[PDB]
Amino acid sequence: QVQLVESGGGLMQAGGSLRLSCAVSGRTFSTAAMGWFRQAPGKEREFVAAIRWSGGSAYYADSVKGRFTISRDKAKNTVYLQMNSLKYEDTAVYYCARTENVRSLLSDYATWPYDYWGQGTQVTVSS
Amino acid sequence: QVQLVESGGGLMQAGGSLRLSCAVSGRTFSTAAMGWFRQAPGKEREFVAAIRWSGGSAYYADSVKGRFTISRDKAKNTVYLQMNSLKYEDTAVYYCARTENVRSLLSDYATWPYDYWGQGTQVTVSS
Amino acid sequence: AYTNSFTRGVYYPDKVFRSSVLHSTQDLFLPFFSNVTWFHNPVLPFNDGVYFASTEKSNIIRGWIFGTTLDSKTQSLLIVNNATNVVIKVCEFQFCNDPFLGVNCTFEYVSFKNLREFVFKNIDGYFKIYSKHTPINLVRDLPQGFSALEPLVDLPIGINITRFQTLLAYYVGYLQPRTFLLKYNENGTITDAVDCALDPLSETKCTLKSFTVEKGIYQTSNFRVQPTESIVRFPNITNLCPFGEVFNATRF
Amino acid sequence: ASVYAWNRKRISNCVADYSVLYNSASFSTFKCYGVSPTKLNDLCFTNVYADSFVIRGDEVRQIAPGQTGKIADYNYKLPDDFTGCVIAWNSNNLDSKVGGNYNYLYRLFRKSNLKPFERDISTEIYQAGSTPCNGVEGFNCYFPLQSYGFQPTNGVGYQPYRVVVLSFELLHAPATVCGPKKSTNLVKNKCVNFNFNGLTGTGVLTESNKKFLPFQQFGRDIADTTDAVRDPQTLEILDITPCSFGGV
Amino acid sequence: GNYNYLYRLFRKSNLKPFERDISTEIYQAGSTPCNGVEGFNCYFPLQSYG
Ligand SMILES: *[C@@H]1O[C@H](CO)[C@@H](O[C@@H]2O[C@H](CO)[C@@H](O)[C@H](O)[C@H]2NC(C)=O)[C@H](O)[C@H]1NC(C)=O
Ligand SMILES: *[C@@H]1O[C@H](CO)[C@@H](O[C@@H]2O[C@H](CO)[C@@H](O)[C@H](O)[C@H]2NC(C)=O)[C@H](O)[C@H]1NC(C)=O
Ligand SMILES: *[C@@H]1O[C@H](CO)[C@@H](O[C@@H]2O[C@H](CO)[C@@H](O)[C@H](O)[C@H]2NC(C)=O)[C@H](O)[C@H]1NC(C)=O
Ligand SMILES: *[C@@H]1O[C@H](CO)[C@@H](O)[C@H](O)[C@H]1NC(C)=O
Ligand SMILES: *[C@@H]1O[C@H](CO)[C@@H](O)[C@H](O)[C@H]1NC(C)=O
Ligand SMILES: *[C@@H]1O[C@H](CO)[C@@H](O)[C@H](O)[C@H]1NC(C)=O
Ligand SMILES: *[C@@H]1O[C@H](CO)[C@@H](O)[C@H](O)[C@H]1NC(C)=O
């Protein structure tokens, strides 16, 4: 079975940076793209970023452009989200999702569904 | 600017009937529904009636069912409230409000907000 | 009233330049010396093409209508020159019973002493309008002579037409798919023409492709008797074939 | 126009310039199916219908073949073999205001799904039950239309978006919607492969002395051979001499 | 949905007979070089079958 495991979440002061990691085990060749989403209590899950597994092209949500960066290590089958300039609005559970549907248009990954999801990791920005 | 002007209020003896008129000037096509509310001194404004501008379907409060009737003339862009069997409890300032939010469910107009309100007209039922 | 189409109704069938040469071409032309109806706003057919002619000293005629019903039921062509401006519309217009002039649109364009000849035809959805203006000294009928009509308008309407009418004397003829020989001078203009089916001499001219043939005998055509009746002979039987037993069979 | 009453502009008898569109950077979605926007300049069509309407962001995906939903079924539907284009861009600056713009409506109820390019603008009271409504709203009797909550602070999915669907048609009629097909410069006195308005060939173009008529375009020889032409842009007549050749 | 099978959606030219193109180069649909970066007029050439 394809297993996604998030890690790196924790308490941070506003203005800092934190690198969340998401490891994928099981199927590797079929990975088409890896996405990061976040959800705050009482709020709907929202798209944060996406990256095509091959090539590494990235697509970012406007709310995190210039602060968050999504990358991936194919050898380790891992996807990393470097969140810089942490804000109190960033406090949420961050999940990573995997999709095997290859789409020519990168922006499609900002709205198309993902078939695999991890358990998520909590991130809290106090001050 | 959208302007709502009420008229027809005055002194009446209990058991009579009175037709309050409310003329609307300015925007006409955007009118979704027209509502009549009333407020007595020291009491909260209360919903009296509502009518969808298109079709003319009406929704009445239980306190006035069988006594008050709401209608509208689209050509004159006016809304009329015929209050029959006037009671001393009907003494209040009657306001007319306009909404451009089209709602499939008519009853929604009994609680949803109105963006335009007139100056109101006083109605007094002595006996 | 009928009059003689002496040698008129000839139009440049294409936008090609040919100099000092005789060209044979089969197309919709006005047969020479044919009968043309004479009018002094009735509805007329549009069988395969129309040659319209008008003689004017006060600009009485103004435009034309074309279509099938011309009663605001389908698309129809309205062409109107009003006093300074030409106008062309293809709207499904509702017309009067007797339209005249006093003193769903898919296209819209805006722009006796005298003789104005026009040729209107409709092929492959294209409406071809050729015309020619000239001065004249004549009041009874058409002047005898020869003049060609250059094209003026090519409209991609894709609209059916079988009837038309005029909006205000004039003359009307109907084109036919005939073969013509046309003499282009050194400047590309048509100076003379021959109807290859009028009389045998014209058949000979077209066969030789020359306007002046030398004496002799020339084999031109082939005479064939045409059938007068159609005969259908079948054995006199009356029994419907039982195809139902096969197609309406319950089990296959 | 509203999605339930999407407008339909008809384009015919004109030069369709598609370069201004697919190269513009003001469009978020410019999808096309079975047709390339660049190849359209090389093609002609009888009619071109631009269907225009506003929908919220998350409903923009329903405008496509094989899609389902409120918009796809009750307001606007596309065929499974659609071969046009769908363009869409955000209109939050235009279709939203402080307080909520409710001028854009959408059909919420209908007795059946719509057909390809079918427009239903009826306001009949929807009979959800077995009791006829008879033009009266109430229990199981609702109004089929409902407004959109377009506000400046709304989410991108809920913010307004203007959408234009370009459908092409080929009837038994002339194609009056063609591309521009920009020309090139002209070279004289050389063997060249020339392509004029409707014709092509290989030859040498030389300043001529012929006199074409105003409506005459390409000249002909005795043996139905093209000897001269008129340049469509400049009204100059050019003689065509075959490129020099001969036995060796 | 099985998305392991793909097809190429863009290419600057048609394939010659029995030609095989396995490249994943970013397709430059416009005049701006992509430099291996996807975006406006820069599309990934392949796409999965549903
Ligand atoms: C003949 O009729 C046409 C219309 O049928 C007139 O053209 C209009 O002229 C006005 C003024 O220039 C324009 O604003 C309109 O757009 C024109 N119509 C169309 C359809 O374009 C024309 O003026 C009339 N002729 C005369 C002499 O008045
Ligand atoms: C073609 O038209 C030209 C121009 O009208 C004619 O050339 C003129 O001919 C007259 C008569 O000899 C001369 O006086 C002029 O000087 C010529 N002008 C030019 C510009 O050539 C020519 O004769 C016409 N040819 C035909 C066959 O009609
Ligand atoms: C087609 O477009 C060209 C380019 O604008 C026109 O060219 C002009 O032609 C006139 C007359 O010869 C010259 O005096 C100008 O200098 C030309 N301009 C340029 C920029 O070269 C040409 O006339 C147009 N032709 C038609 C029929 O519209
Ligand atoms: C042609 O017109 C003349 C003159 O009116 C007439 O005598 C003749 O009969 C017409 N042609 C035919 C075939 O009737
Ligand atoms: C209006 O024109 C369109 C052109 O496509 C045609 O389909 C339609 O039938 C026309 N309407 C009427 C009433 O003829
Ligand atoms: C045009 O005319 C032909 C012949 O009369 C007819 O068969 C055809 O149906 C017509 N076209 C239309 C669109 O009705
Ligand atoms: C078969 O039966 C149907 C009705 O049952 C009839 O309409 C049809 O004509 C029959 N087949 C033939 C060949 O007539």
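Residues numbered from 1 in each chain as written, not as in the entry; some residues may be left out. Chains lettered and ligands numbered in written order. Part of a larger assembly, values for the part shown. Heavy atoms only, no water. Residues with missing side-chain atoms left out of burial classes, pairs and counts.

Another point: the UniProt feature "disulfide bond" in chain E. Sulfur atoms of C34 of chain E and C42 of chain E, annotated by UniProt as disulfide partners, sit 2.0 Å apart, under the 2.5 Å cut-off for a formed bond. The burial state of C34 of chain E is the same as that of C42 of chain E; both residues are buried. (Disulfide = S-S within 2.5 Å. UniProt positions renumbered as here; feature names shortened; annotations may be inferred. Buried < 20%, exposed > 50% of the residue type's maximum accessible area, 1.4 Å probe, protein only.)

This part is about the interface of chain C and chain D. Counting from both sides, the interface comprises 20 residues of chain C and, opposite them, 18 residues of chain D. Of all elements in the fold, only β3 (16-17), β4 (21-29) and β14 (148-156) of chain C reach the threshold of two or more residues within the side of chain C that touches chain D. The element best represented in the side of chain C that touches chain D is β14 of chain C, accounting for three residues. Looking at the side of chain C that touches chain D residue by residue, the class counts come to eight nonpolar, seven polar and five charged. Judged from the two bridges that link them, β3 of chain C and strand β15 (residues 218-219) of chain D form a sheet pairing that is parallel. Bridging from a neighbouring strand, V16 of chain C pairs with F218 of chain D of β15 of chain D. (Contact = heavy atoms within 4.5 Å. Helix = DSSP H or I, 4+ residues; strand = E, 2+ residues; numbered from the N terminus. Nonpolar A, V, L, I, M, F, W, Y, C, P; charged D, E, K, R; others polar. Pairing = 2+ DSSP bridges.)

Next up on the list: helix α1 (residues 200-208) of chain C. Here α1 of chain C has its buried residues at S202, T204, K205 and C206 of chain C. One or two steps after α1 of chain C, the chain reaches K209 of chain C, where phi turns positive at roughly 60°.

Here the focus is the arrangement of the chains. Across the five pairs of chains in contact, the largest number of contacts is found between chains C and D. When C-alpha atoms are compared, chain A and chain B, though not in contact, are closest at a spacing of 24 Å. In this structure chain B stays clear of chain C, and the shortest span between their C-alpha atoms is 26 Å.

Okay, the sheet that holds strand β8 (residues 63-67) of chain C next. Residue and element names in this part refer to chain C. Strand order across the open sheet formed by six strands is β6-β15-β8-β9-β10-β11, with antiparallel pairing between neighbours. This sheet does not close on itself; its edge strands, each paired only once, are β6 (44-45) and β11 (108-110). Here strand β9 (residues 77-82) runs beside strand β10 (residues 85-89); their pairing, made up of five bridges, is antiparallel. Residue pairing for β10: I79 is matched across the bridge by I88.

A few words now on a nonpolar patch on the surface. A surface patch of nonpolar side chains, amounting to about 380 Å² of accessible area, comprises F243, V246 and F247 of chain C. Within the secondary structure, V246 of chain C sits in helix α2 (residues 243-247). (Patch = residues over 30% accessible without salt bridge, like charges linked within 9 Å, V, L, I, M, F, W, Y side chains within 5 Å. Areas by Shrake-Rupley, 256 points an atom, 1.4 Å probe, with all protein chains shown as cover. Salt bridge = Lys/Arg side-chain N within 4 Å of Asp/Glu carboxyl O.)

Attention now moves to the UniProt feature "disulfide bond" in chain D. All names here are of chain D. Judged by the 2.5 Å criterion, the disulfide between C44 and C178 that UniProt reports is present, the sulfurs being 2.0 Å apart. Highlighted residues: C44 in strand β4 (residues 44-45) and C178 in strand β12 (residues 177-178), separated in sequence by 134 residues. Judged by relative accessible area, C178 falls into the buried class, the value being 18%. For the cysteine pair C133 and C141, annotated in UniProt as disulfide-linked, the sulfur atoms lie 2.0 Å apart, within bonding distance in this model.

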